[PDB]
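Report on the structure given below.
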Amino acid sequence: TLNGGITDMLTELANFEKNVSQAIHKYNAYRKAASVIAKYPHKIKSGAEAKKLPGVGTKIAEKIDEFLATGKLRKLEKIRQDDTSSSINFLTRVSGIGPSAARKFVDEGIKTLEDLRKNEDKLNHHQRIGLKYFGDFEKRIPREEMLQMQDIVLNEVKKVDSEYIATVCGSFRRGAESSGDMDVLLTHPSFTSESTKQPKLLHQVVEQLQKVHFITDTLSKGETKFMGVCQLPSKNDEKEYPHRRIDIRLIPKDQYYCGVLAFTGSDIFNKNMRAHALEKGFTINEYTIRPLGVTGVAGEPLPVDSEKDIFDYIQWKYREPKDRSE
DNA sequence: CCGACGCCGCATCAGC
DNA sequence: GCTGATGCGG
DNA sequence: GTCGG
Ligand SMILES: Nc1ccn([C@H]2C[C@H](O)[C@@H](COP(=O)(O)OP(=O)(O)OP(=O)(O)O)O2)c(=O)n1
Ligand SMILES: Nc1ccn([C@H]2C[C@H](O)[C@@H](COP(=O)(O)OP(=O)(O)OP(=O)(O)O)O2)c(=O)n1
Ligand SMILES: [Cl-]
Ligand SMILES: [Cl-]
Ligand SMILES: [Cl-]
Ligand SMILES: [Cl-]
Ligand SMILES: [Cl-]
Ligand SMILES: [Mn+2]
Ligand SMILES: [Mn+2]
Ligand SMILES: [Mn+2]
Ligand SMILES: [Mn+2]
Ligand SMILES: [Mn+2]
Ligand SMILES: [Mn+2]
Ligand code: NA
Ligand code: NA
């Protein structure tokens, strides 16, 4: 964390552009800068040194010189003082409340935790649970807990059908010592790109995990994606573990490698890797890598038998999960 | 200068 | 009910 | 906000 100050500043500026400005390319540009800088192995001494890094331009170079000189950025100190931006920024911390709803709420005079609690009736279901577990979701998860959760999820899934396979991805799979939540990839022989030979596949699982009281709430749910909440069982007399976010994603067993690549991330690594795909004339999603015809129209799925195969196509050497934390 | 900027599932709305 | 646009978070 | 072209 050589340049933690700079990257925090950029992160806050990113958050501002997303939540208040609703300027999603500014959001992403700052996030990119922040990530590149974050990986850089020297304590930055100037804007010009930063500006040697792809993603950092003049505007960010200026901001970094202002920061390294004073320890602050006047532009941030301002936004912090703006009640509206401050309120929009806070409200967006609730899962389900984006920039739009946030601006909505602040417009009706809803702009604090207390205001939200007294107005549950004005929140959709997702927003309701985000609020319910607000504090809980702020907490991080130590790996040792992720290892316990992993154990419960996996064995409960074997109890449903021995042919289910479940791979924990996200930061956990990247070897992080703490995760902000749990991401589960789920595959079953009876579900491939060529057929859905069984319905309920995901439901069957969410139910088992509900039966055993692991999963406690649901934010959203369709045939292949479940978004909700879970909680480790706590021993006799011990205070309960916090409530955690969980995501479960069912994908075609034959498309696992693109899936496992996708859900491992990081989000920024995926944006970076996919953009270099377009530059190299391919397109990648959670299901396939496919070539881009002269027109820009995608072609048929290329054969993939490994995470490595995917890197090959777009001429990148293989990067371990642990080295994908961007 | 210019246009592009990763790509997708589910919830909710508008319009028919 | 459907279908598409939009929000929201992955 | 940045960068390839
Ligand atoms: N949720 C999962 C997880 C794994 N597999 C599969 C496809 C693979 O070919 C294989 C791999 O076994 P591993 O558990 O060791 O997972 P890896 O993908 O890392 O191994 P490999 O790259 O050798 O396939 O089992 C699957 O179908 N669904
Ligand atoms: N804009 C995004 C956000 C997320 N993801 C992906 C890659 C991620 O790694 C995964 C999980 O999303 P998370 O928000 O859970 O991110 P992480 O697991 O990487 O981090 P955290 O430790 O906070 O959970 O899905 C993505 O493709 N694009
Ligand atoms: Cl923008
Ligand atoms: Cl500051
Ligand atoms: Cl796993
Ligand atoms: Cl596809
Ligand atoms: Cl690794
Ligand atoms: Mn995660
Ligand atoms: Mn998170
Ligand atoms: Mn997640
Ligand atoms: Mn709780
Ligand atoms: Mn571009
Ligand atoms: Mn240029
Ligand atoms: Na640069
Ligand atoms: Na939010």
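Just so we're on the same page: letters track the sequence lines, and every chain starts at 1. Side-chain atoms are counted along with the backbone in the values below, which use heavy atoms only and exclude waters and symmetry mates.
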Assess the pair A/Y40 and A/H42: is the distance between their ring centroids shorter than 6.0 Å? yes
Rounded distance in Å - NE2 (A/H276) to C1' (B/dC7): 18 Å
Among D/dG1, C/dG9, B/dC8, the one nearest any side-chain atom of A/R290 is B/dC8
Inter-nucleotide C1' distance (D/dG1, B/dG9), Å rounded: 29 Å
Quick one, A/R244 with A/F137, criterion side-chain contact (heavy atoms from CB on, under 4.5 Å). Give me CA distance, side-chain angles, the key distance, then yes/no. CA-CA 6 Å; A/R244 313 295 201 182; A/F137 292 175; 5.7 Å; no
Output the rounded distance in Å from CZ (A/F263) to P (B/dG9). 12 Å
For nucleotides 11-15 of chain B, print each protein N/O atom paired with a nucleotide N/O atom at under 3.5 Å, atom names and distance only.
unit_1, atom_1, unit_2, atom_2, d
B/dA11, OP1, A/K221, N, 2.7
B/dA11, OP1, A/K221, O, 3.1
B/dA11, OP2, A/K221, O, 3.3

Winner on side-chain proximity to A/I60, out of B/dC10, C/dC8, D/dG1, is D/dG1
Any base atoms under 4.0 Å from A/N270, or only sugar-phosphate, or nothing? Heavy atoms, all strands. base
Would you kindly give the CD-to-P distance between A/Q22 and C/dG7, to the nearest whole Å? 7 Å
Starting at the 5' end of DNA chain B and moving along, which residue's nearest nucleotide shows up first, A/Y287 or A/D267? A/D267
What is the nucleic acid contact for A/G265, judged by heavy atoms within less than 4.0 Å: base, sugar-phosphate only, or nothing? nothing
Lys/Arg-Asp/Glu bridge criterion (N-O < 4.0 Å) met for A/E326, A/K32: no
Under 3.5 Å on both distances, the Watson-Crick or G-U partner of B/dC2: none
Whole Å only: how far is the CD1 atom of A/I248 from the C1' atom of B/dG9? 14 Å
Treating A/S171 as the side-chain partner and A/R174 as the backbone partner, does any N or O pair qualify as donor plus acceptor under 3.5 Å? no
Could you tell me whether A/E66 and A/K72 have a side-chain N and a carboxylate O separated by less than 4.0 Å? no
Under 4.0 Å, heavy atom to any atom of DNA chain C: which of residues 100-111 of chain A qualify? A/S100, A/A101
With heavy atoms under 4.0 Å as the rule, sort A/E223 into base, sugar-phosphate or nothing. sugar-phosphate
Any side-chain to backbone donor/acceptor pair from A/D65 onto A/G47? Under 3.5 Å, distance only. yes
Checking base pairs now: Watson-Crick or wobble, both atom distances under 3.5 Å. What partners D/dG4? none
From CD1 of A/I24 over to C1' of C/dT6, roughly how many Å is that when rounded to an integer? 14 Å
Under 3.5 Å, which N/O atoms of the protein pair with N/O atoms of nucleotides 3-5 of chain D?
unit_1, atom_1, unit_2, atom_2, d
D/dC3, OP1, A/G55, N, 2.9

At less than 3.5 Å, do the side-chain atoms of A/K225 and the base atoms of B/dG9 form a donor-acceptor pair? yes
In plain terms, say whether A/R31 and A/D267 are close enough for a salt bridge, that is, a side-chain N and a carboxylate O under 4.0 Å apart. yes
If hydrophobic clusters are built by linking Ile, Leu, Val, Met, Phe, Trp and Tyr wherever their side-chain heavy atoms come under 4.5 Å apart, do A/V205 and A/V184 end up in the same one? yes
Give one of base, sugar-phosphate or nothing for A/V94, where a contact means two heavy atoms less than 4.0 Å apart. sugar-phosphate
Can you figure out which of B/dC8, B/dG6, D/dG1 approaches the side chain of A/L278 most closely? B/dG6
Using a strict 4.0 Å threshold on nitrogen-to-oxygen distance, state whether A/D312 and A/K308 make a salt bridge. yes
Base, sugar-phosphate alone, or nothing: which one does A/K271 contact when heavy atoms must sit under 4.0 Å apart? base
Length of the line joining A/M273:CE and B/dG6:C1', which is rounded to integer Å: 12 Å
A/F172 six-ring centre to A/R143 NZ/CZ under 6.0 Å and within 45° of normal: yes
Could you check how far CD1 of A/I97 sits from P of C/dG9, rounded to whole Å? 9 Å
Distance in angstrom units between A/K18 NZ and B/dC5 P, rounded: 19 Å
Test side chain to side chain donor-acceptor pair (under 3.5 Å) on A/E307 and A/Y256 and set out the steps. CA-CA 9 Å; A/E307 277 188 86; A/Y256 161 75; 5.9 Å; no
Determine, for A/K235 against A/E238, whether the closest basic-nitrogen to carboxylate-oxygen distance falls under 4.0 angstrom. no
Regarding A/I284, tell me which of base, sugar-phosphate or nothing describes its non-hydrogen contacts under 4.0 Å with the strands shown. sugar-phosphate
Between A/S220 and A/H126, is the side chain to side chain donor-acceptor pair (under 3.5 Å) condition met? List the steps. CA-CA 7 Å; A/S220 61; A/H126 185 143; 5.2 Å; no
